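For reference, the chain that follows is the form deposited without its partner chain, supplied as structure tokens.
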């Protein structure tokens, strides 16, 4: 009945089934890598890709804020839907 609008699935009408929400992934410094390393006891999150580079430039604190770097641990966050 009335749900049949006069259109056609020429290419595709129902392709719009993607949400595209919030990407919980990614490192702010590079945007390509994700939060792989957590700087302790700072609690800052980024990828070792950026962090090593910064320490190769003397790791005078996190690359952003330059706050306390003592230790580092791996992260690996949950993707869920990074689409």
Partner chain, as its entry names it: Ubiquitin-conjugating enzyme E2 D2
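Numbering follows the first chain given and starts at 1.
Quick note: we don't show the form deposited with its partner chain bound, though the next part is all about it.
Although the partner is absent from this view, residue 22 contacts its partner chain in the entry with it bound, with a non-hydrogen atom inside 4.5 angstroms. By the criterion of a heavy atom within 4.5 Å, residue 9 is excluded from the residues contacting its partner chain in the entry with it bound. Residue 40 falls outside the set of residues with a heavy atom inside 4.5 Å of its partner chain in the entry with it bound.
Residue contact with its partner chain in the entry with it bound: residue 66 places a heavy atom within 4.5 Å of it. Of all the residues from 28-63, those having a non-hydrogen atom no more than 4.5 Å from its partner chain in the entry with it bound are 28, 29, 30, 31, 32, 50, 53, 54, 57, 63.
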